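Asks: Chains as they are written, first to last, in the numbering used here: chain A, 1 to 232; chain B, 1001 to 1210.
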Amino acid sequence: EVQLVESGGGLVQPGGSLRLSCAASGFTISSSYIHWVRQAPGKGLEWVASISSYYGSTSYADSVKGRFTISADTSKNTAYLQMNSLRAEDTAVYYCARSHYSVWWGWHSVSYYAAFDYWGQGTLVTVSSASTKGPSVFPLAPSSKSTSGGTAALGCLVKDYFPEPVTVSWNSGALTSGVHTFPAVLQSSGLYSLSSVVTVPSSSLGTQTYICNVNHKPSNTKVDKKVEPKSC
Amino acid sequence: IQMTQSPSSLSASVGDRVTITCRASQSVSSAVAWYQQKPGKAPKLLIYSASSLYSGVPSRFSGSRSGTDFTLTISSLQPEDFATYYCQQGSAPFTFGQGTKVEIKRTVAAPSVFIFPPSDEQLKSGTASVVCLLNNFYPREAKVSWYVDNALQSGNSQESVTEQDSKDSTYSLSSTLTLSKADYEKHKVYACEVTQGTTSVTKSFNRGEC
Ligand SMILES: [Cl-]
Ligand SMILES: [Cl-]
Ligand SMILES: [Cl-]
Ligand SMILES: [Cl-]
Ligand SMILES: [Cl-]
Ligand code: NA
């Protein structure tokens, strides 16, 4: 029943500002310390900030002091992390988390140890001056003449988009067996590209319909593409 | 007050005993936590207070302390256990360890290999993307070579590898070769060669085909 849902990530020009939200459900935020923890792409975990609305106490990773402001609204059972003067070093997936040790005693001079038991889903904060570009989506058509493992393969190539992320889905979520969506790769152009593939019975090539559904929430664009054998 | 984690990466087989160690620079009481992170997902708490198993966490996980050294132990590795594991100290400033990538070791697995010509829609753009798919193989390292009219291609392809499958511990890999529409249109035979051990497979197509 306990859930932590984030919001407010996305692209931001260097030096600009973003506000991240953390909506808690299934527990009161005053009974807890709420923390933010970020992860730069490919690097490890770094604690950023913490708040307890009950004590009115906030604490900041030195790496952000003064530029970040972490706050909470009890009426809304929600925590916020407002970020000002963002730098490239600030690009990361930001997570909110609840410390497992509740503010149990109502006495004030009590330091609590931190272990994070409930986490948000993570939102990406990207600090670049590049423009948002939506993806082009191209079929990866099978051949009945190129069968590998008794089965056939088909795909969607999702090319030249920024920023990440892109969600791919097949036949409106009705096909999940055999699907591999690849991690995105960053082209020399500075644009991203990935592809998503699915293995299917060799017989079903002409008989079945395969539509890939590509979602690029950063550009508010969703593309559906039917995949067919070339058939000239 | 820093947290040195060790080793940085390890491979071990299903059921092997895995031990990750964390080194605190000063004394952090017993307030140390352990997390399992699957790629791009939020970390999951495993151990808090250095020794206490978080509810829901399988019994195969345990934590222990010996002085300034906290260790996480997986008594018999499971294929769904590939992840990156982090130690964290529980007192301020809550430093995290460096991470320990746990990759799983299994039998050699042959890739199923497919090749895909570029689409006509992409051709109206002036660029051709040829994609070579290696499906459900192990180990991760495989030699993929591109040929265009039997000329080896270099410098114009990009690889992407999936994460390990959570039941069979295999990978899948994509190779994307990018060319000008003019370049693609002046050559006939496209081929992707996969080498693994003492077996090479080459998959191909001719531009004029159906
Ligand atoms: Cl508690
Ligand atoms: Cl498109
Ligand atoms: Cl090893
Ligand atoms: Cl940290
Ligand atoms: Cl052909
Ligand atoms: Na992406």
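Beta carbons: idealized from backbone N, C-alpha and C, even for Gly.
Listing by chain order, which chain B residues have their CB less than 8 Å from the CB of residue 226/A?
Replies: Walking along the first sequence from the start, residue 226/A turns up at place 226. Residues of chain B passing the Cβ test: none, with the nearest at roughly 12 Å.
Asks: Is residue 1045/B near ligand 4, with its Cβ less than 7 Å from a heavy atom?
Replies: Residue mapping note: residue 1045/B aligns to position 45 of the second sequence, counting from 1. Checking every heavy atom of ligand 4 against the Cβ of residue 1045/B, none is found closer than 7 Å.
Asks: Go through its chain and collect everything with a Cβ distance to residue 226/A's Cβ below 6 Å, but skip five positions before and after it.
Replies: Against the first sequence, residue 226/A aligns to sequence position 226. Cβ neighbours of residue 226/A beyond the five flanking positions: 211.
Asks: Could you tell me which of 165/A, 63/A, 29/A, 223/A sits nearest to residue 123/A, measuring between CA atoms?
Replies: Stepping through the first sequence from its first residue, residue 123/A is reached at position 123. That would be 165/A, whose Cα lies nearest to the Cα of residue 123/A.
Asks: Identify the residues that DSSP records as bridge partners of residue 214/A: which are they?
Replies: Here residue 214/A refers to the residue found at position 214 when the first sequence is read from its first residue. Residue 214/A pairs with 168/A, 223/A.
Asks: Can you pull out the residues from the stretch 1176–1199 of chain B whose beta carbon lies closer than 9 Å to at least one beta carbon of chain A?
Replies: Near chain A, meaning a CB-to-CB distance below 9 Å, the residues of the stretch 1176–1199 of chain B are 1176, 1178.
Asks: Please determine whether the Cβ atom of residue 166/A lies at a distance below 7 Å from any heavy atom of ligand 6.
Replies: Within the first sequence, numbered from 1, the residue matching residue 166/A stands at position 166. Answer for residue 166/A: yes, Cβ within range of ligand 6.
Asks: Count the other C-beta atoms from every protein chain shown that fall within 10 angstroms of the C-beta of residue 1162/B, then say buried if there are 16 or more, exposed otherwise.
Replies: If you number the second sequence from 1, residue 1162/B lands on position 162. With 16 or more other Cβ atoms within 10 Å, it is buried.
Asks: Kindly examine ligand 1 and report whether one of its heavy atoms sits closer than 7 Å to the Cβ of residue 104/A.
Replies: Position 104 of the first sequence, counting from 1, holds the residue named residue 104/A. It does: the Cβ of residue 104/A is within 7 Å (strictly closer) of some heavy atom of ligand 1.
Asks: Which residues share a DSSP beta bridge with residue 1115/B?
Replies: Indexing the second sequence from 1 puts residue 1115/B at position 115. Note: residue 1115/B sits in a beta bridge opposite 1132/B.
Asks: At a Cβ cut of 8 Å, what residues of the stretch 1100–1122 of chain B count as close to chain A, listed as they run along the chain?
Replies: Listed in sequence order: 1112, 1113, 1114, 1115, 1116, 1117, 1118, 1119, 1121, 1122.
Asks: Within 10 angstroms of the Cβ of residue 28/A, are there 16 or more other Cβ atoms? Answer buried if so, exposed if not.
Replies: Counting from 1 along the first sequence, the entry for residue 28/A is found at position 28. Exposed, by the Cβ-count rule.
Asks: Just to confirm, does residue 194/A get its C-beta within under 7 Å of one of the non-hydrogen atoms of ligand 6?
Replies: In the first sequence, residue 194/A corresponds to position 194, counting from 1. Because some heavy atom of ligand 6 lies under 7 Å away, the Cβ of residue 194/A counts as near it: yes.
Asks: In whole angstroms, give me the CA-to-CA distance for residue 48/A and residue 83/A.
Replies: Along the first sequence, one-based indexing puts residue 48/A at 48. Along the first sequence, one-based indexing puts residue 83/A at 83. The alpha-carbon atoms of residue 48/A and residue 83/A are separated by roughly 11 Å.
Asks: The beta strand (DSSP E) spanning residue 1123/B covers which residue range?
Replies: Indexing the second sequence from 1 puts residue 1123/B at position 123. Residue 1123/B -> not in any beta strand (DSSP E); alpha helix (DSSP H) instead, spanning 1120–1123.
Asks: Return the chain-ordered list of same chain residues with a C-beta closer than 8 Å to the C-beta of residue 202/A, the five sequence neighbours on each side being excluded.
Replies: Within the first sequence, the letter at position 202 stands for residue 202/A. Closer than 8 Å at Cβ, skipping near neighbours: 144, 147, 150, 151, 152.
Asks: Could you check the C-alpha separation between residue 191/A and residue 217/A for me, to the nearest Å?
Replies: Within the first sequence, numbered from 1, the residue matching residue 191/A stands at position 191. Within the first sequence, numbered from 1, the residue matching residue 217/A stands at position 217. Residue 191/A and residue 217/A have their C-alpha atoms roughly 16 Å apart.
Asks: Consider the C-beta atom of residue 101/A and the heavy atoms of ligand 1; say whether any pair is separated by less than 7 Å.
Replies: For this step, residue 101/A is matched to residue 101 along the first sequence. Within the cutoff, so yes.
Asks: Just checking: is the beta-carbon of residue 95/A within a distance shorter than 8 Å of some beta-carbon in chain B?
Replies: As a position in the first sequence, residue 95/A is number 95, starting the count at 1. Answer yes: the Cβ-Cβ gap between residue 95/A and chain B drops below 8 Å somewhere.
Asks: Below 7 Å CB to CB, which residues in the same chain sit around residue 3/A once its five sequence neighbours on both sides are set aside?
Replies: Counting from 1 along the first sequence, the entry for residue 3/A is found at position 3. Cβ neighbours of residue 3/A beyond the five flanking positions: 25, 26.
Asks: Taking Cβ positions, are residue 87/A and residue 32/A nearer each other than 8 Å?
Replies: Within the first sequence, numbered from 1, the residue matching residue 87/A stands at position 87. Within the first sequence, numbered from 1, the residue matching residue 32/A stands at position 32. Their beta carbons are not under 8 Å apart, which means residue 87/A does not touch residue 32/A by this criterion.
Asks: If you measure from the beta carbon of residue 230/A to each beta carbon in chain B, is any gap under 8 Å?
Replies: Here residue 230/A corresponds to residue number 230 of the first sequence, with the count starting at 1. Interface residue, yes.
Asks: Tell me the DSSP secondary structure of residue 1149/B in three-state form.
Replies: To locate residue 1149/B, count along the second sequence from 1; it is residue 149. In the structure shown, residue 1149/B sits in coil (DSSP, three-state: anything other than H, G, I, E or B).
Asks: For a test of the three-state rule: what should DSSP assign to residue 1183/B, helix, strand or coil?
Replies: Taking the first residue of the second sequence as position 1, residue 1183/B is located at position 183. Residue 1183/B falls in the helix class under three-state DSSP.
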